[PDB]
> 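Take a look at this one; I'll ask things after.
Hydrogens, waters and symmetry mates are skipped; everything else that's a heavy atom, side chains included, is used. Residues take their numbers from the sequence shown, with the count starting at 1.
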Amino acid sequence: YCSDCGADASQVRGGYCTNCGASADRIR
């Protein structure tokens, strides 16, 4: 999941969370 917004990990593309724009390393 994204620590910054809660989005599911499958929402990450191109090095960023596609919802909130967090950097990839915010995924846990």
> Could you tell me whether the side chain of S3 and the main chain of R26 form a donor-acceptor pair under 3.5 Å?
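Judged by distance alone, yes, a pair lies under 3.5 Å.
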> As an exercise, state the distance from OH of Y1 to CD1 of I27, rounded to the nearest 0.5 Å.
9.0 Å
> With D4, which of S23, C17, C20 fulfils side-chain contact (heavy atoms from CB on, under 4.5 Å)?
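The residue from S23, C17, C20 that satisfies side-chain contact (heavy atoms from CB on, under 4.5 Å) with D4 turns out to be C20.
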> Between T18 and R13 (side chain of the first, backbone of the second, donor and acceptor by atom type, cut-off under 3.5 Å), is there such a pair?
no
> Could you grab the distance from atom OH of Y16 to atom CG of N19, nearest 0.5 Å is fine?
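One finds 15.5 Å between OH of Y16 and CG of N19.
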